[PDB]
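An overview of the molecular structure
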Protein chains: 2
Amino acid sequence: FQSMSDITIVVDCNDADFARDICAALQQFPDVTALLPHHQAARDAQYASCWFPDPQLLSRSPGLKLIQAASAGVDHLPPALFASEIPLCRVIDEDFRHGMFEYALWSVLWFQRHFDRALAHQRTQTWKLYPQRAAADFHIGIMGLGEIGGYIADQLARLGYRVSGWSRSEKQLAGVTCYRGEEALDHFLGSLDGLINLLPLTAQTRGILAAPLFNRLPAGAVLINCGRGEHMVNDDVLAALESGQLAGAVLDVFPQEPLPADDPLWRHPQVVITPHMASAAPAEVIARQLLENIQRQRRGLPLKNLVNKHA
Amino acid sequence: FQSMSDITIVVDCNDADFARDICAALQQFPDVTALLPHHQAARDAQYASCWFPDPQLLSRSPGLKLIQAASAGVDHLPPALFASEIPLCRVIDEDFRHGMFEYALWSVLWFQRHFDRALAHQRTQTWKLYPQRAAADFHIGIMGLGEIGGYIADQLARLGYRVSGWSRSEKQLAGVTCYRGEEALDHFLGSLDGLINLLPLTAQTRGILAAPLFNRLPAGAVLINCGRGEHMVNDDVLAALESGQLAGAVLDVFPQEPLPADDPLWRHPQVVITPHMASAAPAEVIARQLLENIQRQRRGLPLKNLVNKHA
């Protein structure tokens with residue numbers, strides 16, 4: 001008989017294509033078996049790669065020794081992973097962060113340079129030039145200044161934008177006006193032409209993109225949501241767009257995905273819907289970092305990119 | 001009586017709003033009079049600011065001592081200005097070049113990250129994720145590597161794009177694969193995911209964006225035209241879009257502007273039309289550089305940003 005692979009991994013991802021891609025990238029390494037959760041051998045896996053995994057993972061696969069979030073963020077992992085003693089790591093990848101920046105830059109430009117108006121006017125064959133707005137005269141606020149948010153803020157500042165940043169904790173970023181804590185929200189919001197959400201989803205940030213926040217922005221601000229769908233209160237977005245409190249939104253993430261065909265966001269002239277595309281670590285990067293960490297673990301070494309479960 | 005201003009300027013621009021803006025910025029300086037060509041006193045102006053001026057300017061205003069192109073480019077000036085002995089200068093401005101880059105970056109992103117597909121699918125409420133394409137795996141070609149083109153090429157390379165550049169003359173740009181001359185066109189074109197036109201309009205570049213050029217690109221390339229409308233042969237663009245030789249275009253400039261409501265470009269699903277907005281020097285920058293050069297001239301000094309009429 002064939003001996004079983006030394007490494008067995010369950011790949012528990014909500015997007016089937018993503019899970020399949022990660023399984024294939026892991027199976028490019030000899031002596032590795034990658035299984036989906038429906039396979040009964042999944043119950044025996046010693047390692048897991050996860051993106052919105054089953055909240056019951058630890059029941060279905062009770063022998064797990066290392067769990068990896070298939071992304072830089074961890075707010076898609078269920079509460080049980082945080083409460084267990086299984087080591088939890090994440091994917092930290094230059095190409096992913098660069099992608100999140102690309103998306104934010106497209107979206108900033110769309111509004112600053114009025115591509116939004118151009119595309120709308122194109123539908124009616126209307127030719128209308130608007131004033132040109134220099135990057136120093138477009139004030140962008142980034143909420144959330146961790147690995148991703150801080151990177152984006154710094155890169156925007158490097159292109160010449162006026163950039164403000166907001167975090168729960170102290171941050172110092174060169175070229176960026178940094179604000180800390182809820183009390184500082186009015187001052188962070190009150191000068192912005194554009195707001196970009198990169199917060200993780202927690203009990204405190206749920207619903208933060210709502211009327212109380214939008215009413216502290218200057219009229220005609222734009223919103224860009226790259227966090228989670230639960231950050232948003234949808235009725236409040238649509239209400240802001242209708243009064244002109246918001247002039248537009250670019251939205252990548254929704255409570256349910258695919259976004260249902262009937263959701264009214266799809267149809268608002270001032271909304272751009274993108275299909276949770278802002279950025280994703282590639283399968284091969286995920287595979288390699290997971291395997292490197294498995295190997296470290298098997299050799300008794302300290303793991304890289306360990307998740308602090310109490311942060 | 002009031003003595004006439006020491007400085008009298010005619011502002012001959014094809015866009016009335018632009019001419020008006022330049023007149024107002026010049027009139028912010030005391031002892032300056034700025035006139036439109038219809039004013040009979042225009043015939044006496046000693047200085048001119050021009051953007052697609054009357055081909056008869058030198059007849060209507062025969063005492064002109066210094067003529068300024070209200071832009072970095074000069075291909076909108078009529079042949080007579082090049083054949084006369086009147087000094088000719090241009091506007092060189094960091095904010096303008098940065099704007100041309102912004103436009104090119106929006107357009108590169110639009111295609112690389114499939115915002116084009118997202119916006120199209122949004123019209124039908126279709127949710128469709130596509131593969132994510134890293135900047136090093138998006139090969140952008142910039143044709144024209146002068147002040148503007150070279151800047152854009154360098155800035156794109158700095159963001160991590162694979163960047164090629166093409167010029168009539170020798171150029172060396174760090175991080176950019178530089179090609180020279182017509183003979184090198186097949187090699188410059190044959191690897192590109194995206195092509196950006198920044199050429200000036202001359203007898204040799206007229207009609208360069210046509211079938212012979214598009215057929216040397218790899219199928220599914222994208223086009224971005226920031227040069228002049230005459231660079232394009234429209235039928236050939238539409239034909240390329242229809243076979244899939246081109247996957248899309250972003251077009252800022254047209255033989256006639258406003259682009260007529262009936263032009264079929266307005267209606268192609270894979271075309272973006274923008275209203276000659278890519279970038280413009282601001283009125284106050286124009287005004288100040290013109291006045292600085294007038295003052296230099298009146299003091300017998302060498303002028304700045306002099307146009308080489310034989311280049």
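Parameters at a glance
- Residues numbered from 1 in each chain as written, not as in the entry; some residues may be left out.
- Chains lettered and ligands numbered in written order.
- Heavy atoms only, no water.
- Residues with missing side-chain atoms left out of burial classes, pairs and counts.
- Helix = DSSP H or I, 4+ residues; strand = E, 2+ residues; numbered from the N terminus.
- Rg over C-alpha atoms; globule rule 2.2 N^0.38 Å.
- Contact = heavy atoms within 4.5 Å.
- Axes fitted to C-alpha atoms, helices over the stretch in contact; angles between N-to-C directions.
- Parallel < 35°, antiparallel > 145°, perpendicular 65-115°, else oblique.
- Left-handed = near helix turned anticlockwise from the far one by under 90°.
- Nonpolar A, V, L, I, M, F, W, Y, C, P; charged D, E, K, R; others polar.
- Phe/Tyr/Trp six-rings, centres within 6.5 Å; stacked < 30°, edge-to-face > 60°.
- Buried < 20%, exposed > 50% of the residue type's maximum accessible area, 1.4 Å probe, protein only.
- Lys NZ or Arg CZ within 6 Å of the ring centre and 35° of its normal.
- Pairing = 2+ DSSP bridges.
- Least-squares fit on C-alpha atoms.
- Buried area = accessible area lost by both parts, 1.4 Å probe.
- Salt bridge = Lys/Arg side-chain N within 4 Å of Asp/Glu carboxyl O.
- Polar contact = N/O pair within 3.5 Å; in protein donor to acceptor, adjacent residues only side chain to side chain.

Its PDB record attributes the structure to X-ray crystallography, giving the resolution as 1.9700 Å.

Attention now goes to the overall build of chain A. Per the secondary structure count, chain A includes 10 helices and 12 strands. For 311 residues, the compact-globule estimate of 2.2 N^0.38 gives 19 Å, and chain A sits close to it at 21 Å. Considering only C-alpha atoms, chain A reaches an extent of 75 × 45 × 30 Å along its principal axes. Long-range pairs, those at least 24 residues apart, make up 60% of the contacts in chain A with a sequence separation of at least 6.

This part takes up the packing of helix α4 (residues 94-112) of chain A against helix α6 (residues 147-158) of chain A. In a pair of packed helices, the angle between the axes and the distance between the axes together describe the arrangement. Residues and elements named next belong to chain A. Between α4 and α6, the least distance of the axes is 9 Å, while the angle of their chain directions is 55°. When the axes of α4 and α6 are compared, the pair comes out oblique. The hand of the α4/α6 crossing is right-handed. For the pair α4 and α6, the contacting residues are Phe96, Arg97, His98, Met100, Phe101, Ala104 and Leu105 in the first and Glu147, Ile148, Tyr151, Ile152, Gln155 and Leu156 in the second. The class makeup of the residues in the contact of α4 with α6 is 9 nonpolar, 2 polar and 2 charged.

In this fold, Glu242(A) is placed in helix α9 (residues 234-243). For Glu242(A) and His268(A), which are 26 residues apart along the polypeptide, the C-alpha to C-alpha distance reads 9.5 Å.

The subject of this paragraph is the packing of aromatic side chains. For the structure on display, the rule yields 19 aromatic pairs over all chains. On the numbers, 5.8 Å between centres and 85° between planes, the contact of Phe18(A) with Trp51(A) is edge-to-face. Here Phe18(A) is found in helix α1 (residues 16-27), whereas its partner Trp51(A) is found in strand β3 (residues 47-51), with 33 residues between them in sequence. Given a relative accessible area of 18%, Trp51(A) falls into the buried group. Taking the centre distance of 6.4 Å and the plane angle of 10° together, the rings of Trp106(A) and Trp110(B) count as stacked. Here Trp106(A), found in helix α4, pairs with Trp110(B), found in helix α4 (residues 94-112), and the two come from separate chains. In this pair, the class of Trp106(A) matches that of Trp110(B), namely buried. What links up through ring pairs into an aromatic cluster is the set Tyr103(A), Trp106(A), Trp110(A), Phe115(A), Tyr103(B), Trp106(B), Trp110(B) and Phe115(B). Lying across the ring of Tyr130(A), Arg117(A) places its NZ or CZ 4.5 Å from the centre.

The subject of this paragraph is the sheet that holds strand β5 (residues 88-90) of chain B. Residue and element names in this part refer to chain B. An order of β2-β1-β3-β4-β5 is seen for the 5 strands of this open sheet, with the pairing classed as parallel. Both outer strands of the open sheet, β2 (32-35) and β5, are each paired with one neighbouring strand and no more. Direction aside, neighbouring strands of the sheet carry axes that sit 25° apart on average. Strand direction decides the pairing type here: strand β4 (residues 66-69) and β5, joined by 3 bridges, are parallel. Bridge pairing links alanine 69 to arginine 90 in β5. Against the sheet, helix α1 (residues 16-27) engages β1 (7-13), β2 and β3 (47-51), with an angle of about 165° to β1.

What follows covers the relation of the copies chain A and chain B. In screw terms, the move from chain A to chain B is a rotation of 180° and a rise of 0.0 Å along the axis, fitting with an RMSD of 0.0 Å. This pairing of chains is accounted for by a two-fold axis. Closest approach to the rotation axis among the C-alpha atoms of chain A is made by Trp106(A), whose C-alpha sits 2.8 Å away. Taken together, the interface assignments show that 100% of the residues at the interface of chain A recur at the interface of chain B, consistent with an identical surface on both copies.

The next thing to look at is the interface of chain A and chain B. Tallying the contact residues gives 48 residues for chain A and 48 residues for chain B. When the buried area of chain A at its contact with chain B is split by residue, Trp106(A), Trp127(A) and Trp266(A) rank highest and sum to 20% of it. Between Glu102(B) and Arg113(A) there is a salt bridge, with its nearest N and O atoms 3.0 Å apart. Between the two partners, chain A and chain B, sit 22 residue pairs in polar contact. The set of elements that each furnish at least two residues to the side of chain A that touches chain B consists of α4, α5 (115-122) and β12 (271-273) of chain A. Ranked by residue count, the leading element in the side of chain A that touches chain B is α4(A), at 10 residues. In terms of residue class, the side of chain A that touches chain B is built from 27 nonpolar, 12 polar and 9 charged.

Another aspect to go through is the sheet that holds strand β10 (residues 221-225) of chain A. All names here are of chain A. With respect to topology, 7 strands assemble into an open sheet ordered β8-β7-β6-β9-β10-β11-β12, the strand pairing being parallel. Both outer strands of the open sheet, β8 (177-180) and β12, are each paired with one neighbouring strand and no more. Geometrically, the sheet is characterised by an average inter-axis angle of 15° between neighbouring strands, direction not taken into account. Of the pairings in the sheet, the one linking strand β7 (residues 162-167) to β8 comprises 4 bridges and is parallel in character. By the bridge assignment for β8, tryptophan 166 is matched with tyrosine 179. Together, β6 (139-143), β9 (194-197), β10, β11 (246-251) and β12 form the strand contacts of α4, whose direction differs from that of β11 by roughly 155°. Here α6 sits on the sheet and contacts β6, β7 and β9; the angle it forms with β6, its principal contact strand, is near 165°.

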